[PDB]
Structures are given as C-alpha cells and as structure tokens.
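Asks: Dumping the structure here so I can ask a few things about it.
Dropping the structure here:
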C-alpha cells in the first residue's frame, strides 16, 4: 500500500492540508485510469466506486485498483450510490458516473454525506453562491472550479437520459 | 437421535429471547412432533409449498382436521452467521409477542426438534400475496385492496407504537402480507427487525438491510434506521397494490424502473388515470377512483426525500382508513 | 426473627391438634404444655426483640431459641407424616422443654410490665406521587395523608397532633422515612400514650447517629418490629431479591404460603389471606406498588434501596440470607450468581429464583440435585431458568423430599413431563407451571393429595389437558387453565361441579367437544367462585361457539376475563341479568363484531361493575354514551387497540390506550 486513500489524506480526521489545484488533477488521473479500465473493454461497470478505493501514490496518482440477490445492501454504503441504484439493482454506467460526481463534489468541497442533509441536499441549493469551501484560501479564485462545479451539478442529475460519461468528463475538466 | 439436543438448544435460547423480550408472559404456543409436521409439509417438497425468501420458505401443511401455514428456516443459509441466528429468534418471539393483534399472522406453535424452529401459524385460506396478488392459480377485487391497505397500515403502526421500546422491521413488502377467507391482511414474518431502545427513535443500523427497491433511500444513504424507515417502504408497498407492478420492473430494456420513478413524473404528465392496474379497469370504479387518486398522492407524499415532510405511520393509517368514506 | 417464628409454630400446632389419631402416648399431651409457655413468651418477646437492639447478650441466647423453634416445628412435621413408630421424638422435645426457661431466667425483667392482623385488610394506595427535604409545615400535611389515611388523612382530635409534630421533626422531613413512620401509624391510632411509647422508641435510636444516612437507616428498624410478627417474617424474605428488580407476587406470595408464613383457620383460606397480608405490608409502605391491571389487582412490586439493605443486614444479624456464611434460612438463586454451589445443609427452609425482569439463571444439572439433597425444603420455585437436561429425570428424586408445599415451575423450558416421583408426596399445597409452553403430559398422580390450593396451567397450549377426576379434590381455590377433555378422555366440567372452593379459574377451549351438552350447566353451584377466566384460543370448527352460549357462571363474580372468544357475537350469557355483582370485565384479542342486545338489557338491570378492558380486537363497533347509559359504575375503561370504535372517549381507541379515569 503506497499511502492510503483520499479520506486517509483529506478526511485524515480534520488534518493534513491537502494541496493547491492538483486535487482536480488527482481526479482526472482517476478518470483517465477508470475510462480504459471499464470502457475500453466491451462493457465493464466498476461496481465499487467509492473514496475508499481511490488510493494515492508518491506523486498523488489516483490509480484505481482492487475493485445475484443480496439482502444486506453494501454497494454504495453512503451517498456514493445513485438514485436509481435505489430502485433498479442493475449496475449501469450512470452509477459509476454519479459516484465520480460525488467524489468530485467531495474534492472541490471537502465534506462527506454524514448526518448529525447530504451532499446533494446542500450542493444544488447553494448555487453566485460558489463560496462553499472554507478550508482553503486558494480554492475560490481558480475559477475553473466553477466550471467543474457546474460539471458536478450536471453530473448529479437524477435521470439517466441526460448523463455525462467517464470519457467526456475529462473534456470539461481539462 | 440428535433431535433431542436440537430441542434442548433451541428451546434454551428461545426461552432466553422470549423472556428477554416480554418477561416470559407469552401466548399459548404449543409444540409438535416430526411425525405430525413432516406429514403436514409432505416432506418439504410439493405443491403445498407457497413462497421463498432468503431465510425461510412458506409452506402449506395439514395436521389432523386442520391445515396451516408453516414456515421453515433454511439451515444452510443461517448456520454460519451469528447475526442471523440471533436475528431469527428475535423474529419468532417478536411474532409470538406480536400475535396479540388481530391483524398479524397469528401464531399457533413452534416445532423445535429441527435444527431451526420450523414454526406453524394459523391458516389463512388464500396463499401469500405475491408481488401482484393472490398466488393460488386464478385476481382480487378493489375493496380488498384498500382493506389490505389499512390492514397493513395499522399492523405496522402496531410495530412502531405499541411498546416501551419501539421496533422497526425495515421491509414491508407486499410479498409478506398473507390473506385469509375473510379477506383480511394477516401480515407475517416480523423477520428483519431491529429493536431500538427507549426514548430516542434514531439508531445507527449496524448492518444495512433489506429488499432492494424497498430500501428507504435515507436509510440507504445515511446507514441509520429510524422512526421514518418504513414510511417510504410502506408507500410503494401501497403502490405495488395500486399499479400491480413490481418494484424491480422492466419495460423492454433492463429494469430501469421503480414505481416511484414512474409516478411522480407521471402525475403532472398522465393525470393519474394510468396507474390503477389496468386489468382492474373491468371494475367499474365509479366514484372510487377519487380515493385511488387520494391514496396515490398519499403514497408519493410518504415516499419523498425530505423525511421531515413524511407522515408517520399513525397518520398514514388514519388517512388511508378515513378515505374509506366512499362507502 | 424470634417473634416471627413462634407464631407459625403455635399456629401449626393449633391446626394439627385436632387430628387426635395419636393420643395413646406421651408426646402429644406435651404440645399444650409447649404452647402455653410460648403464649406467655409472646407477651414480651416483641419488646425483647428491640431491647435486642444495642445489646449483645440476647444474641447469645434468643437467637438459639429462634433456631430451635424451627427444630420444634420440624420434629412436629416429622410426627405429622411419620405414619409409623415415631416414638423416638418424645425426649427430643424434652431436651428443650426443660431448657427454654433457663433462657427465660435471663428474661425475668426486660419487660417488667395474636398471630393474625386486624389492619392488614383495608388497603389505601398511599403512593400519591431539593424535593427530598421539606418544611415542617409541608412535611406534616403529606404525613397526615400517609399516616391517618382513613378519613383521607385528616386531623380530628388534636391530642394526637403535637405528637404528630414531634416524630416528623426528628427526621427533618426527608420523604421515605416519613412514609415509613406514617405507614406504621395507620395501625393503632387509638390513644396518646401508645404514640408516646413509639415516639420515645423513635427518639432513643436517634440519640447516637448524627448522620442523615444513619438517621434514616434505623428510622424504620423500629417500624420493622412494631408490626405483627407474621408479616414481620413476611417482609424479611424479600431481601433475597437484587437491587432494583421488580418482584412478582405470584412468586413471593406463593413462597410465603408454601412454607407457611400466612395463617388461616376461619374459612378464608389461601390467596384471600396471602394478598391480605401483602396488602397489609404495603399499607405499612415497606413495599410500593409498581403496576396495576384494569382490575386494580397488583402484579409486581419493588422496594427502596436504603430499606432493602436494612432487611439485608437484618438477615445478617438474623442468620437468614446472603448464604456467604452457611447458617442461613433459605436460598435465593439469582442470575448466574451461585456458581459457588451453596452446599447441602439441613437448615435450608427453601429456595426462590430471582431475576431482574429480563434475565435467565443458567443453572447446571448438579444443583437441582443439590436441591433434592435436602429434606425440609418447603418452597422450591425455579422460575426463569434454562437447563441442559429435562426437569423430569433431574427432579425425579423428590420421593426423598416428602414435606414440600410449593413449586412454581413457570417459564422453564425442559419440562416435557412432570415426574413420576410425585405420587408419595402428600401436602404439596400449591403447584403451578404457568406460561410453560411444553407440557406433553400432566400426570394423574396429582388426583391423590387432597389439599392443593393453586393450580395454574395457564397460557400453556401443549397439554393432554388434564387427569381424569379433578373434582375429587375439594380445596382448590384457584385453578387457571382447566381445559376440559374429550368424551372417553381426561377430565370434564361435569366433575368440576364437585369443586366449591374455587375463586379464580381458567379454561381454554379449542374444539366443540371439550365442552359437552349436558356438561354445559356445570358452573352454577360454585359457591364462593369469584373470577372465571377464559382463553378460547382456537376454533377450526364453529361448533365451539354454537353451544358455548349457555355456560353460565356463578352469579357472584369479581373479574370475568375471557380473552379470545372467536365468536362474532357476544357469548349471550354476559349480562347484568345473568351475573349481577361482577366487578371487572375484560375482552382481549378476538373477532366479536357486535354483541347481542342481551349483553346490555337495561330495562331495570345494569352492570354494577367497576372496570373494563377492551384491548386488542379488530371487530367492535360500540358507542361511548351507550356504554355510559349501560354501565353506570366505572372507574376506568382501558381500551387500546380497537378501530371502528372512534366514537369512544380517549384520543385514539384504535392505537393508544387512555385508560379513561372517572373524575
């Protein structure tokens, strides 16, 4: 194990100041890996896209690795899961796109979906209200992050007819 | 044989869980013999089988002069997991303690020389309600649909309200709700239940469990089972009654449909006159399509995403019993 | 507890003198010359057991006197069930008949100046409710409420009120002490100088404490022994319960009545004296009421901590309980607390199981064999227990345990057969296996011993449903779970006509042929029958309710409680016209849609009842004002789970039961 995952660095219990704007570069490295991981084949759905699988290397390389009726649901144990991985059961590409959108919503912000209300309940209202992150000082004036924020907004749409895709999410980010 | 030490073990932890639940002040349970219950179930493999589930298989059976429903438990699916074996005895003693309502599928005994307590119940004359309706080879009318509506609702609010501690079972499917000759909804198998302690109605669910489609997305997303957890999973349990359509539903292309996905967009679009299980359009439904519209607006209002706006099961029971006023 | 045991001894003799089947001897004339001096002793033994306090020299002698009163009643027990040449015990009594009074020569002056109670019977529900300490102008009005409590606690003749100020000002107005010394002062209330006596008896023990936790610790050891000794022996045995468990009276009242702490000769036999002495002991506020039924009968009850350690160290200074130290009276098995294996000893008056409402004493097969190692173990009730072997072949050694009078094997699962070691026991004055859902056979050897008082086989489905001739016994006062049998089978109601002593009985009905046509009139001439209960749990065929309907009860009743009744109408005998003086009524879970108009029948006849339960039943449609105009006498109506009923009073009669008191 190189360093541990993103919440092993960002959420490392309210400590470890992250970086400047390479968290977007970590996220696009994750997407660059995942696109030939699961779309350069005929069809693969990643089944497990959550921040406890996105690990980090020495140069902060987010190389993803190591990933039927089941009653105890476990796939997407928090808000990583999709609104139609509530009613369907079939793992489509919208589920991996939606979990990628919520980990991007994490990496611009730095808040998980726990309850003392979740990330969707506060992201789509608080919109310019792009003053959402308060840990960093250089988070605001980069202003490609408003484009990435609207990308997360268009990525966290509920319906599966106007989706993004893991290939064309690199275009709006770079 | 080793059926005796099977009895000595399961009676031990049965009595333990029963007196831990309700102080040993039980209901008239009565035991049976394998020569009785095996001839009842016809050795577990017949057409007197009713319906599968994960832990258990509902059968029909017949002891002398009287048929019954029987519930087994799949030993091969339980015997290695300790949360399952501590869950199943909560299931049977919670149904035993719960039989004091005339709307739960009341208990007649439990037979314990097995490895796991294959337990009898009374005999509702129809079969299990499947994810459409009556499973005996035949449709069921409209008045019994609303009747089994409020007779699911008051039973599940007996689950929520009736005790010092409140208990949830977090999957009210329409697969569970059985059905007798007098057309009442003897709800069964209180079998995926957590017992959360007193005062507070909000506990962190240690696993997260039960019947995809019927998850209550807030319990999906936050991993804590709560006072509102069944309010979603009853609501589409109402809607499976109304549309007659399963929760894992396809239309020609790989099951991208729950009923809650259909209805809340079909309301402003279709004006609600397509959600009423159209094979029950040979019913006349003269003025009682208004109570159909009322109960489906009720169902979507108790299935929404801000759980503070949801009614609680006492209010859903009061409202869907007061929409009886068409009579 | 020296005063406590002399009364049960002399009342045991007062019962057993009238047999006169053994008169040509010497050891039967000496009983009158054994009780005559004890009638002399109990004139001063009460004050001797409080001059006991702050004096060691009476613990040298009268403790041994107490421990030989048990010996004296025990050899009398040996003479009772001897049935042979028991001529060796004529000098065993003479070993102490010439030796008690050498301990009374030290009792020559310590007075220098009745086994039943009078104030036990009327009960007065005293539980009215920094908030601990109060002013003497606020303590004293509530102390009059607790203390007098007969005229709703008022102040009639002022000569009793300055003394009414002087006790409560010593204890500074802390609550449960004024509760205890009010509960004592229910009783006498006659004259001034008796309160001057107990006022000095309260004043002297406060001269040497100077600590509020030592100023209230004994503030009621005087109200422990200024009360009649048959209930003084009755409070002390509930020390054998842990710190805040809630004690059920169908364990400890049976524990009292089994080994004999409750006395009766005047007709009113068994539970009507047991709950009498319990209700008296709760008038004295030693025991507080936890739970009510609809009917106001009491179920479970708790203590306070600072009085339970008082009765604990009374037991410590009494050689009674906490058997860490072998000279103790009777064992209390609690939940996994007796891995020491409290050894076999002859002293050993009994045992009682005790749990904290939610646990199980896991207890091995060896210590039930240690139970049957005893000889004189007159209560044996192992209630909330599990076992690694069936109770049949581990309680099969009760043939060596003859003089038993109590066993409540309730909620104990390996009980597939009552043992065939139960023929040659002859007292066995109560038994019940209540709520025990596994009894494949209830043996016909219990039709032999003619004196059992309770017989609860209640809420237990699995049963062949009785032995044959249950009318051959006469002294059954409470028989819950009768279950009449089939035609060439078991028991019938037509022979329980032969009973007359019953008060609370129960019976479950499944088919139509448990009852029978000429058997339907079997409950008219039950004289003092008081509360029939019914659990018609099953009806596969409708033949049960078609001819249940003329099973008339005794006209005298107190608590009619039928709890399933699968008929859709009323049973059509429940009327003021057919049962006039019934007090309490309860309908539990069934499917009775409406009732006959002969349920009400109010042309001149009204219910004259007092409480009503309509609990969990998805069938009814009645009206509240109809129930007022039909039932003019009510305290409460506890109805909780019954819809199509919302014309009734309380806020959700389908879902949450307001008990609906009357103002």
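Residue numbers (the UniProt record's numbering), protein chains in the order written: chain Y, 172 to 238, 250 to 298, 305 to 315, 321 to 367; chain H, 17 to 154, 159 to 347; chain C, 1 to 113, 145 to 160, 314 to 847.
Note that CB positions come from ideal geometry on N, CA and C, so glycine has one too.
1. So residue 275/H contacts chain Y; which residues on that side make the cut at Cβ distance below 8 Å?
2. Using only CA atoms, which one of 461/C, 643/C, 650/C lies nearest to residue 149/C?
3. Need the endpoints of the alpha helix (DSSP H) that residue 165/H sits in, please.
4. When DSSP labels each residue in this structure, what does residue 222/H get in the three-state scheme?
5. Check whether chain H comes within 8 Å of residue 525/C, counting only Cβ atoms and requiring the distance to be less than that.
6. Who are the near neighbours of residue 824/C in its chain, counting only those whose CB is closer than 8 Å to its CB and skipping five residues on each side?
7. How about residue 266/Y: is its C-beta nearer than 8 Å to some C-beta of chain H?
8. Among the candidates 588/C, 55/C, 370/C, 478/C, whose CA atom is the shortest distance from the CA of residue 151/C?
9. Taking only runs of the alpha helix (DSSP H) that begin and end inside the region 530-554 of chain C, which ones reach a length of at least 4 residues, in chain order?
10. Whose C-beta lies closer than 7 Å to the C-beta of residue 762/C among residues of the same chain, with five residues either side of it excluded?
11. Residues of chain H with CB under 7 Å from residue 572/C, in chain order?
12. Do you know whose CA, among 236/H, 176/H, 325/H, 291/H, lies nearest residue 334/H's CA?
13. Quick one: any contact between the region 17-27 of chain C and the region 313-330 of chain H, if contact means 3 or more CB pairs under 8 Å?
14. Taking all protein chains shown into account, decide if residue 107/H is buried (16 or more other Cβ within 10 angstroms of its Cβ) or exposed.
15. So residue 689/C packs on residue 664/C, CB below 8 Å; how close in whole Å?
16. Find the residues of chain H that neighbour residue 645/C, judging by a C-beta separation of less than 7 Å, and give them in chain order.
17. Whole angstroms are fine: how far does the CA of residue 368/C sit from the CA of residue 410/C?
18. Quick one: what's residue 719/C bridged to in DSSP?
19. From the beta carbon of residue 178/H, is the nearest beta carbon of chain C less than 8 Å away?
20. Is residue 23/H near the ligand FMN - that is, is its Cβ less than 7 Å away from at least one heavy atom of it?
21. In three-state DSSP terms, what is residue 809/C?
22. Per DSSP, which residues does residue 432/C bridge with? Please list them.
23. By alpha-carbon positions, which one of 178/Y, 186/Y, 191/Y, 251/Y ends up nearest to residue 221/Y?
24. So residue 407/C and residue 389/C are in contact, right, with Cβ under 8 Å, and what is the actual spacing, rounded?
25. Indicate the three-state DSSP secondary structure (helix, strand or coil) for residue 640/C in the structure shown.
26. Put residue 394/C into one of helix, strand or coil per three-state DSSP.
27. With a threshold of 8 Å between beta carbons, is residue 724/C in contact with chain H?
28. Name the two residues that bound the continuous beta strand (DSSP E) containing residue 745/C.
29. Suppose you measure from the CA of residue 215/Y to the CA of residue 353/Y; what does that come to, to the nearest Å?
30. Pull out every residue of the UniProt repeat "LRR 5" (763-786) of chain C whose Cβ sits closer than 8 Å to any Cβ of chain H, in chain order.
31. Residue 32/H touches chain C at which residues, Cβ-Cβ below 8 Å?
32. Starting from residue 67/H, follow its DSSP beta bridges and name the residues at the other end.
33. Count the other CB atoms, across all protein chains shown, that sit within 10 Å of the CB of residue 304/H; report buried if there are 16 or more and exposed otherwise.
34. State the Cα-Cα distance for the pair residue 194/Y and residue 290/Y, rounded to the nearest angstrom.
35. Please report how far the alpha carbon of residue 300/H lies from the alpha carbon of residue 166/H, in whole angstroms.
36. Using the Cα positions of residue 129/H and residue 44/H, report the straight-line distance between them to the nearest angstrom.
Replies: According to the structure data:
1. 270, 271, 272
2. 461/C
3. 163-181
4. strand
5. no
6. 799, 800, 837, 839, 840, 841
7. yes
8. 370/C
9. none
10. 736
11. 24
12. 176/H
13. no
14. buried
15. 6 Å
16. 44, 45, 46, 125
17. 8 Å
18. 692/C
19. yes
20. This structure simply doesn't include the ligand FMN, nor any ligand for that matter.
21. helix
22. 484/C
23. 178/Y
24. That belief does not hold up - the Cβ atoms of residue 407/C and residue 389/C are roughly 11 Å apart, past 8 Å.
25. strand
26. coil
27. yes
28. 743-746
29. 17 Å
30. 772, 773, 774, 775
31. 544, 570
32. 74/H
33. exposed
34. 8 Å
35. 14 Å
36. 19 Å
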